[PDB]
């Protein structure tokens, strides 16, 4: 009775022919954990969609099966993207399994090799550019439009969004309905878009009656969807949402406007508080960007934007294991305590 490809599990809902060979690491089918302790504390009933348990440790895997399978079927020789993030690790894994070249474009200056390690493990070719992060985007786009054998797998890839919409399907599949509000973090806004595409596809299929309110959280230092303008120098420890200029700007706002949803900023402190909260109280280890979403849900419950007793799924987008640096910092100082059994046992209970 095991989980198959997200492609296989939802084929009749995805744009794939009968001919193609789905290349999958059995992504999706991820836990939906009852946040019993967050629920008691709020008064709302909160589930966690835990996407860190996808093959590469983030939800990008839902897009890549789809992007890479479509690439294979369409006879592409290379899969390209231009960021140091979870996109590249996810892209590189699926390209490796397909047997396809994977290139990651990066800007000049200092390289965070910690970021790229997982992807280079999978065979990604890293290519550093005489220029900045814009040049990377401009380059990757020009190549994709010049070489129909390259497939740019960035946020705005229609196939990626199709794959990613399935997280919405699973939530309903197990609950029997949508939540009252779905809360997720927003960087490029590809995900909020996908969930909204997903929920509306089920409503259109007559599988729910109520649609959720999409709550998207941005870090205060990179909150262009909150402030209504692009951000010149995005600034947040939640690296995955360190975006001053979302790729899927239009689609995010449409989702917000159509779902009667909200965009909301959380400060780094508040993100960090959530970061610790989930781990300390739910037993779930979540990446800072994933924490931001909880940080925002919580912020919204105070405000009263989300009503007491309503049902909420909070997408927690990546494994805490993605980011050891942040785990290391703000740790309690342990100093040697004497070796007798009685002293140590009182330092507890």
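Positions refer to the first chain, counted from 1.
Using the B-factors recorded in the PDB entry, average over the C-alpha atoms of 327-335 and of 20-28, then report which stretch comes out higher. Averaged over C-alpha atoms, the B-factors run higher in 327-335.
Going by the recorded CA B-factors, say which third of the chain residue 209 sits in, lowest, middle or highest. According to the entry, residue 209 has a C-alpha B-factor in the chain's highest third.
Quick check on the deposited entry: does the C-alpha B-factor of residue 70 sit in the lowest, middle or highest third of its chain? For residue 70, whose C-alpha B-factor we compare with every modelled residue in the chain, the answer is the lowest third.
Test of reading the entry: by CA B factor among the chain's modelled residues, which third contains residue 310? Ranked within chain, residue 310 CA B lands in the middle tercile.
Is residue 57 in the lowest, middle or highest third of its chain when residues are ranked by C-alpha B-factor? Ranked within chain, residue 57 CA B lands in the lowest tercile.
Record-listed C-alpha B factor of residue 109: chain third: Within its chain, residue 109 is a middle-third residue by C-alpha B-factor, going by the deposited values.
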